[PDB]
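Note sheet for the following structure.
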Amino acid sequence: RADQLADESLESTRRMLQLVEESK
Amino acid sequence: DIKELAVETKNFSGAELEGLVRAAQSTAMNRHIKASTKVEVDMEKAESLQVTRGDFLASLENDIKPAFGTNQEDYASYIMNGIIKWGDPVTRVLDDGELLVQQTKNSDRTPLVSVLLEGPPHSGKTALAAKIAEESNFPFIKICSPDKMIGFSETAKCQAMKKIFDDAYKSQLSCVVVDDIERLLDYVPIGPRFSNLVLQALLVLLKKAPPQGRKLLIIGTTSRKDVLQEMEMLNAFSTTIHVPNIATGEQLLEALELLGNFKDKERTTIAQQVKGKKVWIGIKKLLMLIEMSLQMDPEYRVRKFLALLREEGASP
Amino acid sequence: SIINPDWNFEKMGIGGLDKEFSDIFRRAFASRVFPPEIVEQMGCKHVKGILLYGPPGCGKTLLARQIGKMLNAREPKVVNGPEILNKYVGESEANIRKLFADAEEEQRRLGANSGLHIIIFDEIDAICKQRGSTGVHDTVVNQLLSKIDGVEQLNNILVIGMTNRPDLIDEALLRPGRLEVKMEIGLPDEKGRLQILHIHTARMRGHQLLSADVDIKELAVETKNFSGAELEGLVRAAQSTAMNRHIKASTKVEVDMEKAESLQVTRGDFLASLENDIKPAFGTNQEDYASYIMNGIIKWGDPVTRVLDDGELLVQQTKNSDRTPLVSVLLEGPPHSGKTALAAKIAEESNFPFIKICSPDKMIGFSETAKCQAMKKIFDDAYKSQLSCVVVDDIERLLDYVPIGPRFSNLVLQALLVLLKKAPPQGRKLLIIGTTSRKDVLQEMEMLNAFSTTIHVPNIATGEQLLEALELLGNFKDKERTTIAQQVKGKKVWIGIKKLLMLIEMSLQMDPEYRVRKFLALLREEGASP
Amino acid sequence: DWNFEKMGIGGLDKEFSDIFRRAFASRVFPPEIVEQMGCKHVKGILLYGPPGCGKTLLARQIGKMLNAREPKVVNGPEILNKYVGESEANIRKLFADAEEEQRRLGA
Amino acid sequence: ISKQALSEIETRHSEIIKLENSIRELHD
Amino acid sequence: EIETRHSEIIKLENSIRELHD
Ligand SMILES: Nc1ncnc2c1ncn2[C@@H]1O[C@H](COP(=O)(O)OP(=O)(O)OP(=O)(O)O)[C@@H](O)[C@H]1O
Ligand SMILES: Nc1ncnc2c1ncn2[C@@H]1O[C@H](COP(=O)(O)OP(=O)(O)OP(=O)(O)O)[C@@H](O)[C@H]1O
Ligand SMILES: Nc1ncnc2c1ncn2[C@@H]1O[C@H](COP(=O)(O)OP(=O)(O)O)[C@@H](O)[C@H]1O
Ligand SMILES: Nc1ncnc2c1ncn2[C@@H]1O[C@H](COP(=O)(O)OP(=O)(O)O)[C@@H](O)[C@H]1O
């Protein structure tokens, strides 16, 4: 099940970093 | 015809008649197709397709092999050189076997009968048992031999005995052949030494009746009756038959004539030398001697044969 | 069609298997080419199982793949045989089920129109053993048998199994309803060998790189009891020899490769490789004879000629008979008389394609079961030829006899006794030769009834014979010879040849003066009578 | 003629010639004529003898001189486990590199 | 033949759905 | 992986606080 964990976690980091930079 | 097919097939399972039919159809249709290296279909010949008795007979003889029925190769691997009436005793033995099979087939109060065949070595008694079994026409016939148990332990042997007898217990009529009882027991005159477990299994296995009115027949063969009598095992068996050797020179001449060997003046000269004495030999040794004697030139064959017969014709 | 649009038998490259391919086609492929209308009018059901059994060295795998491509197969799935195994509980069953997913999906989606799926299992005997706890090997067979002819119905599958031992497979898998047809692949004959050689030499003949001196019929004749793998190895070895012949003259010195481009494999390469590179598994092996016959066979008396003639007569009788496929002979004599060497020589002079010898030496420290396994394996291997010869040496040693007691292993005795009276399959010949030194005890064990005949090897018993043996051996001089002759002729002697050689070596270590005296003294000391 | 001197192994010199003659003739001769011959290379060789007689050194020298990749050393007794057979797992990891190499680069 | 299995959990409190709603709202 | 997630959480904390200011 770790596969979808890694997938969602990469997706989360990418979106969070991007979204933070846009807000900033 | 369907009646002939139904009669001719016995003890077949539901899964086997369908396979027979499929194989017959496959052979029938394959008849039309003519292609070896390049696939090709002769559509012209496919216009009229029908199945004849030949398909069924070929499939029966070659393709399908029943698991609980009787199989023909077993009877081929034991009667190698046929049966020749060299004397009266053979007819007596065959008739006695007929009588025993008759009693077991058409009697109540006795669904289990056992007979013992005994005689000197090389007398050819193993083949006679197979012959007797072949004339019963029983749906289920089986032979159990030590030939297939090389190196087995005691437990394996007894489990083989179990499996064969249990399988036999599942038909209306059954015959079982036990060969060379002594070899099963692992006998040796020194000690003496043997396997007690197999003996107990056999002794207890000659009295268990088949459940709810099913018949059974057991034929055992051996060559050393004295040891058996010392084992109290002759009580288990219900009767006993004897197979003797050849004794008289006239019998030897009859056998020689029947075999298709030394003839003409040869025979005459041979007759001049054996008639005035007694002879004692089993047929299997006679065949071996005949074969061995035929490798010399056509000038001493009779001499070599006679010298051998003298050396081995012991205890007249 | 369900088959590829293009295919021809000759292209497949398989050589020798002609009737087997025809029968497999007729049985398992008849109904899949006959037009659908008449087939649905048939309502018959295609076969969905096939088994192949052959001895090692036939590469039936070639046949497996070649049949797979012969058809318009999609992607034959393969399993080695030990795979699909895991430590965790309930995993192999799932893996087995995963195999049929595509077939079931197509069967549900389409019907009477789905393509064929082929599965190639390797060595079915590995896992599909008799179902008795058999550990995981019992839960897997049930699932497999559960899949095949299940509560549901599949009609677009086909399963091919390969195994070398067909009598250790679960019987429940062997029914009129699954894996029905079974076929045997055996060793080829001369014609098959020729065809295989043609197949493996076509490319070399194409580029004019095969010398015109080589002949293929001769090669096919000589190679006996050979298999396809062995023959391909032979061709490769010949190529490598022809190659190495040029690695020391042209490319070694970096000189014009014109002489390197004149490379041509010749008959010499084959006839050098056929003797020192390839050892057939089912064929003769010319190293045991030289290992046993350490000092040749010198003729010191008439009995040797008689023994050799008798052995020749036995061999001819076995070869030429029809109603006596099995024959036996027993050699006996006093210790150190030269039994093993004579048996080896008579065996060598038979010219049979298969020969084997078995000695206690190759089983030291074993247990009785292992000895029985070895003996049965040897005899089973021998059963597979059309002509064979086996030698069992020092019978007394196999049984582990010792006069005190006595004691011995009864089990091996029973195994040997039973084996001595088992005929091979139909149409094949055999010949057994035994060696012993204690014929009496052999008689009390009732085993002499099995044997068909016996031969006697005597010892030397006369001074004339001893002098002739010394002369033929090539030792000592005229005066020494005369002194020995004038001394020994009076009395009688009793000694085996081997001990005589030992004694001569013993005596040949002193000074020239005392050699004869020591020889005579020892000879007298080591003397006895019947 | 190869060369085996002053590079570690010194005791065994004829053995290299013998083994090369028996084994390494296909890989030394220009590949063009070879593919014309349509022949396959040997797929393994055995070494045996008394312990501590410089067998590993010989293998490493052979590996170096053939320009092959880094040898993957392994021992016998190490590969054994009590989990109803997990040896096949141990066995299979070893041939991955060859599998992927063949898949990608082909022939 | 033998062996059984097991399983476990971990502290994750993702709630990426709610954080995604929030951040999208922030963008608009 | 987890170390990268720790770096991400640290960065996100910093960014959130300075966003607040
Ligand atoms: N009239 C006959 N009666 C018996 N056997 C015959 C007769 N004619 C030919 N034979 C042949 O004799 C051989 C009988 O050998 P068989 O093995 O049965 O001997 P045996 O003394 O019972 O020994 P064993 O217990 O080892 O089987 C068979 O080949 C059979 O074909
Ligand atoms: N003509 C010959 N006859 C017999 N042996 C010979 C002859 N010429 C040479 N020899 C030598 O005799 C020796 C035969 O020994 P072999 O092992 O056969 O004897 P053995 O009596 O069977 O002994 P063992 O009981 O130890 O097996 C071999 O060295 C063989 O080289
Ligand atoms: N009759 C044959 N003709 C050509 N090659 C063969 C033949 N039999 C075996 N081989 C060769 O032997 C090799 C391995 O065979 P293998 O499948 O291991 O034999 P088996 O199936 O008996 O175990 C194959 O690469 C094949 O080329
Ligand atoms: N012919 C040789 N020349 C130089 N050193 C050797 C030779 N044979 C063995 N050795 C040395 O002996 C040691 C053991 O050799 P090793 O390669 O382990 O042999 P093995 O593989 O038989 O164990 C190594 O350290 C090696 O340097």
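When we count neighbours, we look across all protein chains shown, and the Cβ atoms used for this are built from the backbone with ideal geometry, even at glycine. Readers should treat all values here as calculations from the given coordinates under stated rules, not as data from a laboratory.
Quick notes
Yes or no, residue by residue, for (1) within 14 Å of chain B (Cβ to nearest Cβ); (2) within 16 Å of ligand 3 (Cβ to nearest atom); (3) within 30 Å of B:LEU286 (Cβ to Cβ):
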{"residue": "C:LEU430", "(1), (2), (3)": "no, no, yes"}
{"residue": "C:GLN443", "(1), (2), (3)": "yes, no, yes"}
{"residue": "C:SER452", "(1), (2), (3)": "yes, no, yes"}
{"residue": "C:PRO458", "(1), (2), (3)": "no, no, no"}
{"residue": "C:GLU468", "(1), (2), (3)": "no, no, no"}
{"residue": "C:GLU471", "(1), (2), (3)": "no, no, no"}
{"residue": "C:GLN486", "(1), (2), (3)": "no, no, no"}
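- Count of the stretch C:290-347 residues which are acidic (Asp, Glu), exposed (fewer than 14 other Cβ atoms within 10 Å of the Cβ) and either under 20 Å from B:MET292 (Cβ atoms) or within 14 Å of chain B (Cβ to nearest Cβ) (or both): 2
- Any hit, the stretch C:261-278, residues being more than 16 Å from ligand 3 (Cβ to nearest atom), surrounded by fewer than 19 Cβ atoms within 10 Å (Cβ to Cβ) and aromatic (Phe, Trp, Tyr): no
- Restricting attention to the stretch B:256-280, the residues that are in a loop (DSSP other than H, G, I, E, B), touching a helix residue (DSSP H, G or I) at 6+ places or on another chain (Cβ under 8 Å) and of a type in the set (A, V, I, L, M, F, W, C) add up to 2.
- Inter-residue pairs, beta-carbon under 6 Å, first within 11 Å of chain C (Cβ to nearest Cβ) and in the stretch B:151-166, second among the hydroxyl-bearing types (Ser, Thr, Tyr), 6+ apart: B:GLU154/B:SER195
- Residue match in the stretch D:37-48 (condition: within 12 Å of ligand 4 (Cβ to nearest atom), in contact with a strand residue (DSSP E or B) (Cβ under 8 Å, 6 or more places away or on another chain) and among the aliphatic types (A, V, I, L, M)): no
- Residues that are within 16 Å of ligand 1 (Cβ to nearest atom) and small (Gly, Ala, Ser) within the stretch C:326-352 comprise just one, C:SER328.
- Helices (runs of 4 or more DSSP H) wholly inside the stretch C:281-377 that include at least 1 residues being basic (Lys, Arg): C:302-320, C:339-348
- Residue, nearest to C:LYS129 (Cα to Cα), within the stretch C:181-211, restricted to residues that are in contact with a strand residue (DSSP E or B) (Cβ under 8 Å, 6 or more places away or on another chain) and within 9 Å of another protein chain (Cβ to nearest Cβ): C:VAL181
- If the condition is being closer than 17 Å to A:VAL20 by Cβ and loosely packed, with under 10 Cβ neighbours inside 10 Å, then the stretch E:16-28 contributes E:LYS18, E:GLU25, E:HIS27, E:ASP28.
- Residue count for the stretch C:391-415 satisfying the condition of being part of a helix (DSSP H, G or I), more than 16 Å from C:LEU330 (Cα to Cα) and β-branched (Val, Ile, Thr): 1.
- Residue within the stretch C:429-437 that is of a type in the set (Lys, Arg) and farther than 22 Å from B:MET292 by Cβ present: no
- Qualifying positions in chain E - under 17 Å from the mean Cα position of the chain (by Cα), part of a loop (DSSP other than H, G, I, E, B) and either farther than 30 Å from C:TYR88 by Cα or facing another protein chain (nearest Cβ under 7 Å) (or both): E:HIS13, E:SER14, E:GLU15
- Residue under evaluation D:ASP18, criteria (1) charged (D, E, K, R); (2) more than 30 Å from C:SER273 (Cβ to Cβ); (3) in a helix (DSSP H, G or I), criterion not met: (2)
- Meets criteria (of a type in the set (D, E, K, R), out of contact with any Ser or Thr (no Cβ under 8 Å at 6 or more places or on another chain) and closer than 30 Å to C:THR324 by Cβ) for B:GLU134: yes
- Qualifying positions in the stretch C:486-521 - loosely packed, with under 15 Cβ neighbours inside 10 Å and in contact with a helix residue (DSSP H, G or I) (Cβ under 6 Å, 6 or more places away or on another chain): C:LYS489, C:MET510
- Condition met for C:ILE96 (touching a helix residue (DSSP H, G or I) at 6+ places or on another chain (Cβ under 8 Å) and within 30 Å of C:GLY233 (Cα to Cα)): no
- Residues in the stretch C:17-53 that are among the small types (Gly, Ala, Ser) and in contact with a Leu (Cβ under 9 Å, 6 or more places away or on another chain): C:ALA28, C:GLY49.
- Any hit, the stretch C:202-224, residues being within 30 Å of B:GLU16 (Cα to Cα) and more than 16 Å from ligand 2 (Cβ to nearest atom): no
- Residue in the stretch C:21-44 that is β-branched (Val, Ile, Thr) and either touching a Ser or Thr at 6+ places or on another chain (Cβ under 8 Å) or within 16 Å of ligand 2 (Cβ to nearest atom) (or both) present: yes
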